[PDB]
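Chemist: Chains as they are written, first to last, in PDB author numbering: chain A, 429 to 489, 495 to 533; chain B, 429 to 489, 495 to 533.
Every residue gets a Cβ at the ideal spot worked out from N, C-alpha and C, and that includes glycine.
(1) With distances taken Cα to Cα, identify the nearest neighbour of residue 470/A among 476/A, 460/A and 486/A.
(2) Which same chain residues, not among the five before or five after residue 456/B, have their C-beta less than 8 Å away from its C-beta?
(3) Grab the span of the beta strand (DSSP E) containing residue 472/B for me, first residue to last.
(4) Beta carbon of residue 461/A, beta carbon of residue 437/A: below 8 Å?
(5) Can the beta-carbon of residue 523/A be found less than 8 Å from the beta-carbon of residue 484/A?
(6) Would a C-beta distance cut-off of 8 Å place residue 531/A and residue 433/A closer than the cut-off?
(7) Quick check on residue 485/A: does DSSP put it in helix, strand or coil?
(8) Report the neighbours of residue 518/A on chain B: residues whose CB is nearer than 9 Å to its CB, in chain order.
(9) Between residue 510/A and residue 429/A, how many whole angstroms is the CB-CB distance? I'm expecting something under 8 Å.
(10) What is the DSSP secondary structure of residue 463/A, counted as helix, strand or coil?
(11) If you follow the alpha helix (DSSP H) that residue 509/B is in, where does it begin and where does it stop?
(12) Among the candidates 444/B, 481/B, 480/B and 450/B, whose CA atom is the shortest distance from the CA of residue 465/B?
(13) Looking at C-alpha atoms only, which residue of 495/B, 442/B and 446/B is the closest neighbour of residue 463/B?
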């Protein structure tokens, strides 16, 4: 159900993700989620803060988490909804999605 | 937007909430949410753990939080969904809601 979300970019690569975020200005809080190219059940969150791009692996366990289970979610929509309001282990909240 | 949720008991007193939890098993993780009796813009999470009833004030910040703003939510549904999967400051996760 997350496939058509504005912040979900599908099976793009890491390199493509960094290209996109840079093209869109490296604005604080700019972010996107993508499918892992190695694990068919995992995702990656790419976000930038203070001009630095960081990647966080969202792994299953079924619930998802980007902090080794310290904080769990039932699906990606719940996860994004949460990090838009709470930093957690991230450098900043998820503010604006990178345009697909 | 939480008015019609099954875990929301509206304007019932603390005493009534405790009576309800006791009468429905007094089991770990049993919970309900209700309107605050002292703050017209606040809510209360009543939860049972180790046969002890605990009350957590959910205060507006408009966002909501029961842990002094450390964890914030856009509404009660997001809050409940989060605490059903994450303990946080609660003695345990929200497991079963009390039937109105």
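Modeler: The relevant details are as follows:
(1) Walking along the first chain from the start, residue 470/A turns up at place 42. The shortest Cα separation from residue 470/A among 476/A, 460/A and 486/A belongs to 486/A.
(2) If you number the second chain from 1, residue 456/B lands on position 28. Here the set comprises 476, 477, 478, 525 and 528.
(3) By one-based count along the second chain, residue 472/B stands at place 44. Element bounds for residue 472/B: 471-477.
(4) Residue mapping note: residue 461/A aligns to position 33 of the first chain, counting from 1. Residue mapping note: residue 437/A aligns to position 9 of the first chain, counting from 1. Contact flag set, yes.
(5) Taking the first chain and counting its residues from 1, the one referred to as residue 523/A is at position 90. Taking the first chain and counting its residues from 1, the one referred to as residue 484/A is at position 56. Yes, Cβ-Cβ distance for residue 523/A and residue 484/A is below 8 Å.
(6) Here residue 531/A is taken as the residue at index 98 of the first chain, counted from 1. Here residue 433/A is taken as the residue at index 5 of the first chain, counted from 1. No; because the gap between Cβ atoms is not below 8 Å, this pair is not in contact.
(7) One-based indexing of the first chain puts residue 485/A at position 57. In the three-state DSSP reduction, residue 485/A falls in the strand class (E or B).
(8) Residue 518/A sits at position 85 when you count from the first residue of the first chain. Near residue 518/A (Cβ distances below 9 Å), the residues of chain B are 496, 504, 505, 506, 507 and 511.
(9) Start at 1 with the first residue of the first chain, and residue 510/A comes out as number 77. Start at 1 with the first residue of the first chain, and residue 429/A comes out as number 1. Confirmed, Cβ separation roughly 7 Å.
(10) Working through the first chain from its first residue, we reach residue 463/A at position 35. Strand, per DSSP.
(11) For the purposes of this step, residue 509/B is taken as the residue at position 76 of the second chain. Secondary structure note for residue 509/B: its alpha helix (DSSP H) is the uninterrupted segment 509-516.
(12) Translated into the one-based positions of the second chain, residue 465/B becomes position 37. Nearest in C-alpha terms to residue 465/B, of all of 444/B, 481/B, 480/B and 450/B, is 444/B.
(13) Mapped onto the second chain, residue 463/B falls at position 35. Out of 495/B, 442/B and 446/B, the CA that lies nearest to the CA of residue 463/B is found in 442/B.
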